Each structure stands twice: as structure tokens, then as C-alpha cells.
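What follows is one chain in C-alpha cells, specifically the form deposited in one PDB entry.
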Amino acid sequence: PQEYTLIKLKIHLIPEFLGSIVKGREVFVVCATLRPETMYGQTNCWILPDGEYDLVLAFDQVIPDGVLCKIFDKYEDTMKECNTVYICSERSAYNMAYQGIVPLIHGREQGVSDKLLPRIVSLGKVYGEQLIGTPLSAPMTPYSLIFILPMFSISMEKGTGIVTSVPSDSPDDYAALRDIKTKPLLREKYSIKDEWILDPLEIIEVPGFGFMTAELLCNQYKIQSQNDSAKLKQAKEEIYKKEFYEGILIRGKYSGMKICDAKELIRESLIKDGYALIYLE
């Protein structure tokens, strides 16, 4: 029952097809991480192309034993406290509703019965593929626009089904990004443009590994595709732990600190500046 940082990546250019649905509201794509420290190295964002994601109305402010949420009679009642849209899985939007991050509204249950059934405010459904190439304004990374690209190893059953890419220090991200870089047939299939593919960033030094720890571990485990999920799971646990203790930040406000010393502060800052939320799951 764990504490995630939910990172907000703002859509920088709203696709035509979503302009009617969105209506001058700020839209953010949202992703859950355990490693806010790593957000200095975002190169892209990852989405499941066949995944179905909702455009979910959300509270502008959150109030961060157990937790509150709010219900309203109708869509029109929320427009006061809610001028914000999050793209995410329906599943994860329900979790956010039950922690007070999105509004609920009075729905009536299907069928013969009267029973009150709380619903989120979905403005529409969208497939991931329809968002590939979308520019996002990402917090902390010095590339400051980054793009949505496809990753086929994403589970819709976890987080929001949309994920951050730090190929410098995430084996999954290294692997999915290398699959894009080295498979021209795959680029052509998703109309991937060369300018959407940004290089890894040097952000975290680990004694004996340097600044591309994910690439070295992928090699050491012999990870050949983003689909090698036993090896990736294992390697993800290794890098996590290794970087927690031995990793040194070489970027941003807290450069020169060990990650175990800076992680909390970095996370506090993200929540305080509005770049992220706490999300339990």
C-alpha cells in the first residue's frame, strides 16, 4: 500500500482532436514513479499504444487513520474547483478520486434500482497511439519539451499506464528506447520522427559505473529487448538499491549530494511547486 510520486507532464500542444473536448483547460499526462531523483534525466514519456486512457477532470488544489474525498451532484458543480484534466487509466483515476485528487459526481446505477453510484468525470476515452508525438512540458529535465513515445512492456494494471523515461538510470527505459533507436521498421509503424528521440542525460554518478548505469546493467544481465521482463524486473530492483546508496547527483539544486540524502528534499519540492502529487496504490 505504497507512496508514489505522481508526476505531472503538461501537454504543450493540444492535438486538434482533443481541442473540442478540453476547452481551454490545462491537460497533463500523469505518471507514477518511485524515483523523483531521476526526473533530471527525462528524455521522453512512454505510453501503451493499444491502452485506453481517460481524460479525467481533476481538482486544481489538493489538501495533502485515513483519507477524504468529495462528491458533487452534477458535472456543472465541479467547474469551480476543477479546471484541470489528467490523462490516465480509468482504474487509476478511481484511485485518485478515493484520495481526493479528482472529483466524484452523483451517478445513478444501471437498471431497476435507485442506488447512488459515484463516478469520475471522464471527458472522453483515447488510445495511447493517438498521443504518440505529443509534446510535453516536463519538470526538472533540462531538455524541457519531451515527447510521447510507445513502450510495449507497460501494464495497464499499474500506476496510470503512462510512465517517465530516464534511460540513463532505468533499465526498462534504456531497453525501450534502444528498441526504438535500432528498429527502423518500428519507427515507421508509429510515424516516429527522429527529432522526438533525445539522448540519455548524465545525471547520476555511481562509483565504478559512471553516468550510464542502466546501459551497463542491461549489458551485464544480457538484456536484449524491452520484453525481457524477468531480467528487467530483477535489474530494476538492483539499480534502485545501488543508486539509492551509492548514487551521487550531478545535476540541479542538490548536485554533489548522495541520493539517499537528496531524495526526500527533491520529492518535497516537486509537491510544493506543483510539479507532482502524492499518490497511493
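When you see a residue number, it is the position in the sequence shown, counting from 1. Shifts are known only where both forms have a C-alpha. Basically, rigid core = biggest C-alpha set you can superpose within 1.5 Å across the two forms.
Just so you know, the form deposited in another entry exists too; it's not on screen, but the next bit is about it.
Only one candidate in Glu109, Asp199, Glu202, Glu157 has its Cα displaced by 2 Å or more between the shown form and the other one after core superposition: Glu109. In the core-superposed comparison between the shown form and the other one, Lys80 has its Cα shifted by at least 2 Å. In this core-based overlay, residues 79-81, 108-117 form runs of three or more whose Cα positions differ by 2 Å or more between the shown form and the other one.
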